[PDB]
């Protein structure tokens, strides 16, 4: 079957792959859709180590073709997902405390195990969360990483209704972060990006304020217009956004780091201490987070911006991603 495979020179080989038979607890999905995440870009670029040979993809939606021995959580015909959180150990300090994505034995689709950017994908059944009936597959692909991650990030931000949240980076994740923050958590939102087209879309979807941080001083403007944001979620792919977020929140405010540029942020210590700032990393979401995130999309509370592409376009898509030419998500369509 055809798969997106990472190459040694950091490109994608759209090539032939043959899957092994199933083990106990596994299921085989015939894939319908797989979103392209910027994490796929980091992976293929070698940012998290050399993963030449891995099949990419962890916004995968597929239909169960076969189940392996012992499988009761899925049956043939079910629509299920292939997310970054592909499998946790189920029995550790993280897994049993409601923090399973931090499992130190975690397997991650499109990184440490073959992902869903291929015609077929093997999943661990109890970890392939089902898609609810009212949600179309292309939209569901976006929720499978972009959506769940930002739903969870906003949850973790401690933002309360009527409060100001600054969203940095309005791409695949960021646009959905805006929608969750506004439509689900009832926050007021500042949308911040270096790309005017991303900002145009944000305003179109209800961002209360929009700032181009390349031409403007984003933190200063947030402070002037809102009194300082109560929280921030940083989904941008550059350290400057993280640095700006620290200065954009009011005292006691929480910055949630989500973006993964291979860089360091700088945090002024007297600012951190004397203003009681908080900075916290967030990592995708638990299976329950994903279930909840899907249901919001099923009920139309968030609407993923998606465009369908054939698998052959994957290298071109990554160029578009690099160049900031994507509104929302590009979604690989395997449907014949």
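Numbering follows the first chain given and starts at 1.
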Open item on the list: I need to verify one thing: averaged over C-alpha atoms only, is the B-factor higher for 215-223 or for 151-159?
Closed with: 215-223
Open item on the list: Please compare 173-181 with 131-139 and say which has the higher mean C-alpha temperature factor in the record.
Closed with: 131-139
Task: Selection by C-alpha B-factor (highest) of 98, 253, 77, 261 - done: 77
Task: Identity of residue with top Cα B-factor, from 304, 49, 276, 285 - done: 49
Open item on the list: Can you tell me whether residue 330 has a C-alpha B-factor in the lowest, middle or highest third compared with the other modelled residues of the same chain?
Closed with: lowest
Open item on the list: Quick check for you: using the entry's CA B-factors within this chain, is residue 30 in the lowest, middle or highest third?
Closed with: middle
Task: Position of residue 68 among the chain's modelled residues by C-alpha B-factor, lowest, middle or highest third - done: highest
Task: Modelled-residue ranking by C-alpha temperature factor, third containing residue 200 - done: middle
Open item on the list: Taking only the Cα B-factors deposited for this chain, tell me whether residue 37 sits in the lowest, middle or highest third.
Closed with: lowest
